[PDB]
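Engineer: The structure file structure06.cif (mmCIF, C-alpha atoms) is provided below.
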data_entry
loop_
_atom_site.label_atom_id
_atom_site.label_comp_id
_atom_site.auth_asym_id
_atom_site.auth_seq_id
_atom_site.Cartn_x
_atom_site.Cartn_y
_atom_site.Cartn_z
CA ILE A 2 -29.54 6.73 28.81
CA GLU A 3 -32.11 4.93 26.63
CA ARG A 4 -31.37 2.76 23.58
CA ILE A 5 -29.29 4.58 20.97
CA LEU A 6 -26.58 3.83 18.43
CA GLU A 7 -25.19 6.82 16.60
CA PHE A 8 -22.10 8.39 15.10
CA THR A 9 -21.82 11.98 13.92
CA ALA A 10 -18.81 14.11 13.03
CA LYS A 11 -18.55 17.77 12.11
CA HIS A 12 -15.15 19.40 11.56
CA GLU A 13 -14.27 21.86 8.80
CA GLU A 14 -15.86 20.32 5.67
CA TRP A 15 -16.17 16.80 7.12
CA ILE A 16 -19.83 16.42 8.12
CA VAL A 17 -21.32 12.92 8.39
CA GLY A 18 -23.92 11.08 10.47
CA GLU A 19 -25.37 7.60 10.82
CA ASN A 20 -27.49 5.70 13.33
CA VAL A 21 -29.27 2.39 13.81
CA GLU A 22 -33.04 2.36 14.23
CA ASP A 23 -33.73 -1.30 13.43
CA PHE A 24 -31.72 -3.09 16.12
CA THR A 25 -30.69 -6.45 14.65
CA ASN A 26 -27.22 -7.96 15.10
CA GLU A 27 -26.68 -7.55 11.34
CA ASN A 28 -27.50 -3.83 11.40
CA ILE A 29 -25.45 -3.21 14.54
CA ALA A 30 -22.41 -5.04 13.14
CA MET A 31 -22.71 -3.17 9.82
CA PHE A 32 -22.99 0.17 11.65
CA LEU A 33 -19.90 -0.56 13.75
CA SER A 34 -18.07 -1.78 10.63
CA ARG A 35 -18.82 1.49 8.85
CA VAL A 36 -17.84 3.53 11.92
CA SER A 37 -14.52 1.65 12.12
CA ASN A 38 -13.81 2.21 8.41
CA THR A 39 -14.77 5.89 8.66
CA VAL A 40 -12.82 6.89 11.76
CA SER A 41 -9.75 4.89 10.69
CA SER A 42 -9.69 6.71 7.34
CA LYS A 43 -9.71 10.09 9.11
CA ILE A 44 -7.09 9.47 11.82
CA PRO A 45 -4.07 10.29 9.60
CA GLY A 46 -5.41 13.81 8.92
CA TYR A 47 -5.20 14.49 12.67
CA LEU A 48 -1.61 13.28 13.18
CA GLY A 49 0.15 16.14 11.36
CA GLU A 50 1.40 17.95 14.49
CA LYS A 51 3.67 14.98 15.31
CA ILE A 52 3.92 12.86 12.14
CA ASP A 53 4.68 13.91 8.56
CA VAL A 54 1.68 12.02 7.15
CA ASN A 55 2.25 13.03 3.52
CA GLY A 56 5.76 11.57 3.77
CA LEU A 57 4.46 8.50 5.60
CA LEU A 58 1.87 7.58 2.97
CA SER A 59 4.47 8.23 0.24
CA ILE A 60 6.66 5.34 1.49
CA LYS A 61 6.96 2.72 -1.25
CA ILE A 62 6.25 -0.88 -0.28
CA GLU A 63 6.69 -3.04 -3.38
CA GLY A 64 5.81 -6.60 -4.38
CA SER A 65 3.45 -9.43 -3.45
CA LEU A 66 1.64 -9.47 -0.11
CA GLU A 67 4.44 -11.59 1.39
CA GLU A 68 7.05 -9.10 0.17
CA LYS A 69 5.03 -6.17 1.53
CA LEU A 70 4.78 -7.85 4.94
CA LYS A 71 8.55 -8.42 5.01
CA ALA A 72 9.05 -4.74 4.10
CA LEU A 73 6.66 -3.52 6.82
CA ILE A 74 8.60 -5.34 9.58
CA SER A 75 12.03 -4.36 8.17
CA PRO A 76 14.62 -2.16 9.95
CA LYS A 77 14.77 -0.04 6.76
CA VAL A 78 11.07 0.86 6.95
CA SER A 79 11.22 1.39 10.73
CA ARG A 80 14.04 3.89 10.13
CA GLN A 81 12.01 5.58 7.36
CA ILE A 82 9.03 5.93 9.72
CA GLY A 83 11.22 7.26 12.55
CA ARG A 84 12.48 10.03 10.28
CA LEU A 85 8.89 11.19 9.75
CA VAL A 86 8.16 11.53 13.49
CA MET A 87 8.67 15.02 14.93
CA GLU A 88 9.75 14.01 18.43
CA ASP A 89 13.10 14.12 20.24
CA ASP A 90 12.15 12.24 23.42
CA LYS A 91 13.13 8.58 22.96
CA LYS A 92 10.16 7.20 24.90
CA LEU A 93 7.52 9.42 23.26
CA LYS A 94 9.03 8.89 19.78
CA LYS A 95 8.61 5.11 20.16
CA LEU A 96 4.90 5.61 20.93
CA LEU A 97 4.39 7.77 17.84
CA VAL A 98 6.41 5.45 15.56
CA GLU A 99 4.04 2.60 16.46
CA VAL A 100 1.05 4.83 15.60
CA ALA A 101 2.62 5.83 12.25
CA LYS A 102 3.42 2.17 11.54
CA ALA A 103 -0.24 1.21 12.12
CA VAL A 104 -1.39 3.94 9.71
CA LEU A 105 1.08 2.79 7.06
CA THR A 106 0.21 -0.89 7.59
CA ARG A 107 -3.52 -0.26 7.07
CA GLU A 108 -3.00 1.79 3.91
CA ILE A 109 -0.47 -0.62 2.38
CA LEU A 110 -2.50 -3.77 3.11
CA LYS A 111 -6.17 -2.77 2.81
CA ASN A 112 -6.40 -3.82 -0.85
CA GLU A 113 -4.40 -7.03 -0.18
CA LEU A 114 -6.29 -8.29 2.89
CA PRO A 115 -9.70 -7.90 4.57
CA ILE A 116 -8.51 -5.04 6.79
CA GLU A 117 -11.52 -2.75 6.51
CA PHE A 118 -14.78 -4.27 7.68
CA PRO A 119 -17.69 -4.78 5.26
CA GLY A 120 -19.78 -1.82 4.12
CA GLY A 121 -17.35 0.97 3.28
CA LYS A 122 -17.49 4.41 4.86
CA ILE A 123 -20.10 6.86 6.13
CA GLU A 124 -20.21 9.61 3.49
CA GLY A 125 -23.57 11.28 4.10
CA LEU A 126 -25.84 12.64 6.81
CA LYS A 127 -28.48 9.96 7.51
CA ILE A 128 -29.23 11.96 10.64
CA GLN A 129 -28.21 15.57 11.25
CA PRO A 130 -25.23 16.22 13.57
CA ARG A 131 -26.17 15.97 17.27
CA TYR A 132 -24.30 19.21 18.07
CA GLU A 133 -24.20 22.58 16.30
CA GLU A 134 -20.53 23.11 17.09
CA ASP A 135 -17.74 21.09 15.49
CA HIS A 136 -17.53 17.72 17.24
CA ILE A 137 -16.99 13.98 17.19
CA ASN A 138 -19.84 11.91 18.66
CA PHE A 139 -20.07 8.15 19.17
CA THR A 140 -22.95 7.24 21.47
CA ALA A 141 -24.08 3.69 22.15
CA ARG A 142 -26.58 2.21 24.55
CA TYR A 143 -27.89 -1.29 23.92
CA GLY A 144 -28.73 -3.74 26.70
CA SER A 145 -26.03 -3.49 29.35
CA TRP A 146 -23.56 -2.07 26.78
CA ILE A 147 -22.96 1.68 27.01
CA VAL A 148 -20.20 3.72 25.34
CA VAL A 149 -20.04 7.49 25.08
CA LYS A 150 -17.01 8.83 23.23
CA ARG A 151 -17.48 12.44 22.22
CA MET A 152 -16.09 15.96 22.36
CA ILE A 153 -16.60 19.47 21.04
CA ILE A 154 -13.89 20.72 18.66
CA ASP A 155 -12.48 24.22 19.23
CA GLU A 156 -9.74 26.22 17.53
CA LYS A 157 -7.69 25.29 20.62
CA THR A 158 -8.38 21.53 20.39
CA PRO A 159 -5.15 19.59 19.73
CA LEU A 160 -5.49 17.63 16.48
CA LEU A 161 -3.72 14.70 18.13
CA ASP A 162 -6.53 14.54 20.70
CA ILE A 163 -9.10 14.17 17.93
CA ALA A 164 -6.85 11.41 16.56
CA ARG A 165 -6.91 9.75 20.00
CA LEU A 166 -10.71 9.87 20.25
CA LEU A 167 -11.10 8.51 16.72
CA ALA A 168 -8.66 5.69 17.53
CA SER A 169 -10.59 4.94 20.75
CA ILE A 170 -13.88 4.81 18.81
CA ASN A 171 -12.26 2.44 16.32
CA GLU A 172 -11.17 0.21 19.21
CA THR A 173 -14.75 0.07 20.51
CA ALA A 174 -16.01 -0.89 17.06
CA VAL A 175 -13.37 -3.61 16.60
CA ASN A 176 -14.00 -4.96 20.12
CA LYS A 177 -17.78 -5.07 19.74
CA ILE A 178 -18.22 -6.33 16.16
CA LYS A 179 -17.07 -9.78 17.29
CA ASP A 180 -19.81 -9.75 19.98
CA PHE A 181 -22.64 -8.76 17.63
CA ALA A 182 -21.42 -11.10 14.89
CA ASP A 183 -20.65 -13.98 17.33
CA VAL A 184 -17.03 -14.27 16.16
CA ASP A 185 -15.17 -17.02 18.04
CA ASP A 186 -11.99 -14.99 18.51
CA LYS A 187 -10.53 -17.58 20.91
CA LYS A 188 -10.65 -20.17 18.10
CA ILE A 189 -8.98 -17.66 15.76
CA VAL A 190 -6.16 -17.07 18.26
CA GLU A 191 -5.58 -20.81 18.58
CA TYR A 192 -5.71 -21.29 14.80
CA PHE A 193 -2.54 -19.16 14.47
CA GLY A 194 -0.92 -20.62 17.62
CA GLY A 195 1.90 -22.33 15.69
CA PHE A 196 3.49 -18.95 14.92
CA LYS A 197 5.28 -16.40 17.12
CA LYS A 198 7.44 -13.36 16.27
CA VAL A 199 7.40 -14.13 12.53
CA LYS A 200 10.38 -12.57 10.70
CA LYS A 201 11.63 -14.93 7.96
CA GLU A 202 10.26 -14.91 4.38
CA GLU A 203 9.56 -18.65 4.57
CA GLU A 204 7.43 -18.26 7.70
CA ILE A 205 5.60 -15.20 6.33
CA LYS A 206 4.66 -17.35 3.32
CA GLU A 207 3.40 -20.10 5.63
CA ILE A 208 1.29 -17.82 7.83
CA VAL A 209 -0.30 -16.03 4.86
CA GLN A 210 -1.22 -19.42 3.41
CA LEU A 211 -2.72 -20.47 6.74
CA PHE A 212 -4.74 -17.26 6.77
CA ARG A 213 -5.98 -17.94 3.22
CA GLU A 214 -7.15 -21.40 4.28
CA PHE A 215 -9.15 -19.99 7.20
CA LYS A 216 -12.80 -20.85 6.76
CA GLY A 217 -15.01 -18.08 8.07
CA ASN A 218 -17.61 -15.49 7.15
CA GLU A 219 -17.09 -11.83 6.24
CA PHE A 220 -16.61 -10.73 9.87
CA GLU A 221 -14.51 -13.67 11.06
CA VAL A 222 -11.92 -13.10 8.30
CA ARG A 223 -11.22 -9.53 9.51
CA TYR A 224 -10.18 -10.98 12.86
CA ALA A 225 -8.18 -13.77 11.24
CA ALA A 226 -6.30 -11.13 9.23
CA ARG A 227 -5.63 -9.11 12.39
CA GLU A 228 -4.45 -12.21 14.26
CA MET A 229 -2.14 -13.22 11.38
CA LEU A 230 -0.65 -9.70 11.31
CA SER A 231 -0.18 -9.68 15.11
CA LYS A 232 2.27 -12.59 14.78
CA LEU A 233 4.50 -10.27 12.73
CA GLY A 234 4.06 -7.45 15.26
CA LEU A 235 1.88 -5.56 12.79
CA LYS A 236 -1.30 -3.62 13.58
CA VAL A 237 -4.01 -2.11 11.39
CA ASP A 238 -5.91 -0.40 14.22
CA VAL A 239 -4.17 2.70 15.69
CA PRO A 240 -3.44 2.12 19.41
CA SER A 241 -5.26 4.97 21.18
CA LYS A 242 -3.26 4.36 24.36
CA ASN A 243 -0.08 5.50 22.58
CA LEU A 244 -1.68 8.86 21.83
CA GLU A 245 -3.15 9.02 25.36
CA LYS A 246 0.32 8.49 26.86
CA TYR A 247 1.86 11.14 24.59
CA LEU A 248 -0.79 13.73 25.51
CA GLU A 249 -0.28 13.12 29.26
#
Output the structure of this file as structure tokens.

Structural biologist:
Amino acid sequence: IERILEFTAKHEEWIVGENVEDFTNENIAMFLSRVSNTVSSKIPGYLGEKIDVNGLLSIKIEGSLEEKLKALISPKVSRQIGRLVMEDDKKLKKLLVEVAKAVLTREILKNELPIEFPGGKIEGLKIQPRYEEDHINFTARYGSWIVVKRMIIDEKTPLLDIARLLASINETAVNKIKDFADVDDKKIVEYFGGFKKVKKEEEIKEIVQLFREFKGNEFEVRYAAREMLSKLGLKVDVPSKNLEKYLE
């Protein structure tokens, strides 16, 4: 297909649309940033068949950033999350717990760290929806890069499948922003290389400080935050593969 970069969504009262028409790296990165923020914000509303999301987002994580991080990796919170997952199968429950944990981690930390990308969320209809029926549509073609992640939404569409698609779209956005913004992600990985499986309060303090000292622009810091969190086993992007494996 020819050059295109668009996102539209139409489901119940959620109707939004945005595209790029002036194809600069800045505009592409800002579009993908907004897509990431938008789809990530909507994922929890599609997890209700398997996760008690109201209960999940009602979990209290108190204190400074360092204290919140310690809480998020704690056995207590893992047990709290497990209790909110409606699954009996040990293997499948583990997959859903990790998804729930990623949702909680994003919501707890987004005002403490640069978790969301710049630019906020898509709230209006810059373009009209590409399809008349309810749908999710992410379509990208630029140079050799092509991604088509879309589906029609029926009354028989599993909500968890919409969650999966939204998570997959988020993954594309996160993967590609660092290409369009020329983020040296290898350097970021090596920057945090002195830490592994961070559990102790003292080490959490150290890694947060190292993150704060990271010199980078608005895009680079989002990846530094993600890398720092990865050392604690924390994620802020829902792993679509977990939902894929459940739905199989």

Engineer: I need the residue nearest residue 41 (chain A) from this list: A:228, A:113, A:191, A:238. Use only C-alpha atoms for the distance.

Structural biologist: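 Nearest candidate to residue 41 (chain A) out of A:228, A:113, A:191, A:238: A:238.
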
Engineer: Quick one, how far is CA of residue 115 (chain A) from CA of residue 243 (chain A)?

Structural biologist: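 Interatomic distance, CA of residue 115 (chain A) to CA of residue 243 (chain A): 24.4 Å.
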
Engineer: So the first atom is CA of residue 232 (chain A) and the second is CA of residue 177 (chain A); what is the distance between them in Å, to one decimal place?

Structural biologist: 22.0 Å

Engineer: If the PyMOL selection byres ((chain A and resi 106) around 9) were run on this exact file, what residues would it hold? Put them as a PyMOL selection string.

Structural biologist: chain A and resi 70+73+101-105+107-111+235-237

Engineer: Those same residues - C-alpha atoms - I'd like them written as a short mmCIF file (atom, residue, chain, number, x, y, z; two decimals), in the coordinates of the input.

Structural biologist:
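Everything below was put into selection28.cif:
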data_model
loop_
_atom_site.label_atom_id
_atom_site.label_comp_id
_atom_site.auth_asym_id
_atom_site.auth_seq_id
_atom_site.Cartn_x
_atom_site.Cartn_y
_atom_site.Cartn_z
CA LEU A 70 4.78 -7.85 4.94
CA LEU A 73 6.66 -3.52 6.82
CA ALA A 101 2.62 5.83 12.25
CA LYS A 102 3.42 2.17 11.54
CA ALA A 103 -0.24 1.21 12.12
CA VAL A 104 -1.39 3.94 9.71
CA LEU A 105 1.08 2.79 7.06
CA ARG A 107 -3.52 -0.26 7.07
CA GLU A 108 -3.00 1.79 3.91
CA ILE A 109 -0.47 -0.62 2.38
CA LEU A 110 -2.50 -3.77 3.11
CA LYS A 111 -6.17 -2.77 2.81
CA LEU A 235 1.88 -5.56 12.79
CA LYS A 236 -1.30 -3.62 13.58
CA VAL A 237 -4.01 -2.11 11.39
#

Engineer: Any idea what's packed within 12 Å of residue 186 (chain A), counting all atoms listed in the file, ignoring anything in its chain fewer than 2 positions away? Could you give it as number ranges by chain?

Structural biologist: A: 175-180, 182-184, 188-193, 217, 220-228

Engineer: Sorted by chain and rising residue number, which residues of region 20-98 of chain A lie within 10 Å of region 130-146 of chain A, and what are their closest atom pairs and distances in Å to one decimal, counting all atoms listed in the file, as a Markdown table?

Structural biologist:
| residue | atom | partner | partner_atom | distance |
| --- | --- | --- | --- | --- |
| A:20 | CA | A:140 | CA | 9.4 |
| A:21 | CA | A:141 | CA | 9.9 |
| A:24 | CA | A:143 | CA | 8.9 |
| A:29 | CA | A:143 | CA | 9.9 |
| A:36 | CA | A:139 | CA | 8.9 |
| A:40 | CA | A:137 | CA | 9.9 |

Engineer: For residue 147 (chain A), which residue out of A:57, A:6, A:126, A:114 is the nearest one, using all atoms listed in the file?

Structural biologist: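 Result for the nearest residue to residue 147 (chain A): A:6.
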
Engineer: Please report the interatomic distance between CA of residue 2 (chain A) and CA of residue 150 (chain A) in Å with one decimal.

Structural biologist: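 That distance, rounded to one decimal, is 13.9 Å.
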
Engineer: When distances are computed from only C-alpha atoms, which of A:163, A:125, A:213, A:90 shows the smallest separation from residue 45 (chain A)?

Structural biologist: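 That would be A:163, the residue with the smallest distance to residue 45 (chain A).
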
Engineer: Around (1.3, 1.8, 18.9) in the file's own coordinates, what residues are found within 6 Å if you use only C-alpha atoms, given back as a PDB file with C-alpha atoms, in the coordinates of the input?

Structural biologist:
ATOM      1  CA  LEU A  96       4.900   5.610  20.930  1.00  0.00           C
ATOM      2  CA  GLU A  99       4.040   2.600  16.460  1.00  0.00           C
ATOM      3  CA  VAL A 100       1.050   4.830  15.600  1.00  0.00           C
ATOM      4  CA  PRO A 240      -3.440   2.120  19.410  1.00  0.00           C
ATOM      5  CA  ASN A 243      -0.080   5.500  22.580  1.00  0.00           C
TER       6      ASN A 243
END

Engineer: With a distance cut-off of 10 Å and all atoms listed in the file, select the neighbouring residues of residue 161 (chain A), excluding the residue or stretch itself and same-chain residues fewer than 3 positions from it, and output the selection as a PyMOL selection string.

Structural biologist: chain A and resi 44-52+158+164-167+244-245+247-248

Engineer: Given the file above and the PyMOL selection byres ((chain A and resi 32) around 9), which residues are selected, and can you give them as a PDB file with C-alpha atoms, in the coordinates of the input?

Structural biologist:
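Result written to expr.pdb:
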ATOM      1  CA  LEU A   6     -26.580   3.830  18.430  1.00  0.00           C
ATOM      2  CA  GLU A   7     -25.190   6.820  16.600  1.00  0.00           C
ATOM      3  CA  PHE A   8     -22.100   8.390  15.100  1.00  0.00           C
ATOM      4  CA  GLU A  19     -25.370   7.600  10.820  1.00  0.00           C
ATOM      5  CA  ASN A  20     -27.490   5.700  13.330  1.00  0.00           C
ATOM      6  CA  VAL A  21     -29.270   2.390  13.810  1.00  0.00           C
ATOM      7  CA  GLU A  27     -26.680  -7.550  11.340  1.00  0.00           C
ATOM      8  CA  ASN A  28     -27.500  -3.830  11.400  1.00  0.00           C
ATOM      9  CA  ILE A  29     -25.450  -3.210  14.540  1.00  0.00           C
ATOM     10  CA  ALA A  30     -22.410  -5.040  13.140  1.00  0.00           C
ATOM     11  CA  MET A  31     -22.710  -3.170   9.820  1.00  0.00           C
ATOM     12  CA  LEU A  33     -19.900  -0.560  13.750  1.00  0.00           C
ATOM     13  CA  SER A  34     -18.070  -1.780  10.630  1.00  0.00           C
ATOM     14  CA  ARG A  35     -18.820   1.490   8.850  1.00  0.00           C
ATOM     15  CA  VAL A  36     -17.840   3.530  11.920  1.00  0.00           C
ATOM     16  CA  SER A  37     -14.520   1.650  12.120  1.00  0.00           C
ATOM     17  CA  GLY A 120     -19.780  -1.820   4.120  1.00  0.00           C
ATOM     18  CA  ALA A 174     -16.010  -0.890  17.060  1.00  0.00           C
TER      19      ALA A 174
END

Engineer: Could you tell me which residues the PyMOL selection byres ((chain A and resi 204) around 12) grabs in this file, written as a list in words?

Structural biologist: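 Checked against the file, the PyMOL selection byres ((chain A and resi 204) around 12) matches residues 67, 68, 70, 71, 195, 196, 197, 198, 199, 200, 201, 202, 203, 205, 206, 207, 208, 209, 210, 211, 229, 232 and 233 of chain A.
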
Engineer: Could you save the residues just selected, with C-alpha atoms, as a PDB file, in the frame of the given file?

Structural biologist:
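Final output, saved to result19.pdb:
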ATOM      1  CA  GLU A  67       4.440 -11.590   1.390  1.00  0.00           C
ATOM      2  CA  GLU A  68       7.050  -9.100   0.170  1.00  0.00           C
ATOM      3  CA  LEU A  70       4.780  -7.850   4.940  1.00  0.00           C
ATOM      4  CA  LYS A  71       8.550  -8.420   5.010  1.00  0.00           C
ATOM      5  CA  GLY A 195       1.900 -22.330  15.690  1.00  0.00           C
ATOM      6  CA  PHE A 196       3.490 -18.950  14.920  1.00  0.00           C
ATOM      7  CA  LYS A 197       5.280 -16.400  17.120  1.00  0.00           C
ATOM      8  CA  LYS A 198       7.440 -13.360  16.270  1.00  0.00           C
ATOM      9  CA  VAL A 199       7.400 -14.130  12.530  1.00  0.00           C
ATOM     10  CA  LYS A 200      10.380 -12.570  10.700  1.00  0.00           C
ATOM     11  CA  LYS A 201      11.630 -14.930   7.960  1.00  0.00           C
ATOM     12  CA  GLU A 202      10.260 -14.910   4.380  1.00  0.00           C
ATOM     13  CA  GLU A 203       9.560 -18.650   4.570  1.00  0.00           C
ATOM     14  CA  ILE A 205       5.600 -15.200   6.330  1.00  0.00           C
ATOM     15  CA  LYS A 206       4.660 -17.350   3.320  1.00  0.00           C
ATOM     16  CA  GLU A 207       3.400 -20.100   5.630  1.00  0.00           C
ATOM     17  CA  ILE A 208       1.290 -17.820   7.830  1.00  0.00           C
ATOM     18  CA  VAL A 209      -0.300 -16.030   4.860  1.00  0.00           C
ATOM     19  CA  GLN A 210      -1.220 -19.420   3.410  1.00  0.00           C
ATOM     20  CA  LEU A 211      -2.720 -20.470   6.740  1.00  0.00           C
ATOM     21  CA  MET A 229      -2.140 -13.220  11.380  1.00  0.00           C
ATOM     22  CA  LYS A 232       2.270 -12.590  14.780  1.00  0.00           C
ATOM     23  CA  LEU A 233       4.500 -10.270  12.730  1.00  0.00           C
TER      24      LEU A 233
END

Engineer: Using all atoms listed in the file, which of the listed residues (A:4, A:42, A:246, A:9) sits closest to residue 23 (chain A)?

Structural biologist: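 Smallest distance to residue 23 (chain A) is found for A:4.
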
Engineer: Which is closer to residue 241 (chain A) than all the others in A:148, A:153, A:97, A:17, using all atoms listed in the file?

Structural biologist: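 Between A:148, A:153, A:97, A:17, the residue approaching residue 241 (chain A) most closely is A:97.
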
Engineer: Rank A:219, A:162, A:63, A:22 by their smallest atom-to-atom distance to residue 128 (chain A), using all atoms listed in the file, and report the top residue only.

Structural biologist: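 Nearest candidate to residue 128 (chain A) out of A:219, A:162, A:63, A:22: A:22.
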